[PDB]
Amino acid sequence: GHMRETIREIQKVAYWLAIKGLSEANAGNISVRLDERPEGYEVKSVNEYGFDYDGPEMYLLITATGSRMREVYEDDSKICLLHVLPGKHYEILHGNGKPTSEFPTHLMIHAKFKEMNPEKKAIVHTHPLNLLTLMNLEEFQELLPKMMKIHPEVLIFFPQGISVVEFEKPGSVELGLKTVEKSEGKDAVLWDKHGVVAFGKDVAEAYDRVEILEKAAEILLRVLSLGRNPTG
């Protein structure tokens, strides 16, 4: 049941996210794009995109609204299986509520990914403490570079590196469109002031990039905490 296992893969990530403090409260969502189609076909509900979707057809699993990682790892009812049909309607196959507010945003990256990089099927958005802390510094832009090579680990997972995105509207189509542009063949986008979003062949890989980015941020911050490295 390719889809039912994917769920476990998502739940496992939700757990690690919560246990390592990478995600708090309900600030954080995950989304995976299903390739084939759900075997246990079961339309429970139909809903309005709230906007006009004109991208290809797809099935995607995304955390529901109000969902907290310390919970979705336990209760799979907190994960939504959806069938994305052009037009203004999408249907709910699995879930107890409506997807997350930032569903629209994910939508956009997903659509483009399906066309652009079909390999990337997973998206993890969370608010890492250190990356957060780091983006609270005026001379933030001028650190990302040195931060991007604090240890090999980053280079590998981010051969091209990362890009920041001027955060305007929460879970808007725009946010997505914007994100996709900066996310050109890249594997991570930092929503300035609002955490990060990571992509990957699968959720586990997306999670792996969050961890790594965090570690680099954390290492950078401690080094600065002793006054020793290229600030300007």
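In case it trips you up, residue 1 is the first one in the sequence shown, and so on.
Engineer: Output the stretch having the higher mean C-alpha B factor in the entry; the candidates are 120 to 128 and 106 to 114.
Structural biologist: The entry gives the higher C-alpha B-factor average to 106 to 114.
Engineer: According to the deposited model, is the average Cα temperature factor higher in 94 to 102 or in 69 to 77?
Structural biologist: Taking the mean B-factor of the alpha carbons in each, 94 to 102 is higher.
Engineer: Name the residue from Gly176, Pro38, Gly28, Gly200 with the greatest C-alpha temperature factor listed in the entry.
Structural biologist: Answer, based on the entry's C-alpha B-factors: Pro38.
Engineer: Considering every modelled residue of the chain and its Cα B-factor in the PDB entry, is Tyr207 in the lowest, middle or highest third?
Structural biologist: Answer is lowest: the recorded C-alpha B-factor places it there.
Engineer: Among the chain's modelled residues, which third holds the C-alpha B-factor of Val43?
Structural biologist: Highest third of the chain for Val43's C-alpha B-factor.
Engineer: Looking at the entry's B-factor column for C-alpha atoms only, identify whether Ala64 ranks in the lowest, middle or highest third of its chain.
Structural biologist: Its C-alpha B-factor, which the entry lists for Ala64, ranks in the lowest third among residues of this chain.
Engineer: By its CA B factor, does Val196 count among the lowest, middle or highest third of the modelled residues in the chain?
Structural biologist: For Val196, whose C-alpha B-factor we compare with every modelled residue in the chain, the answer is the lowest third.
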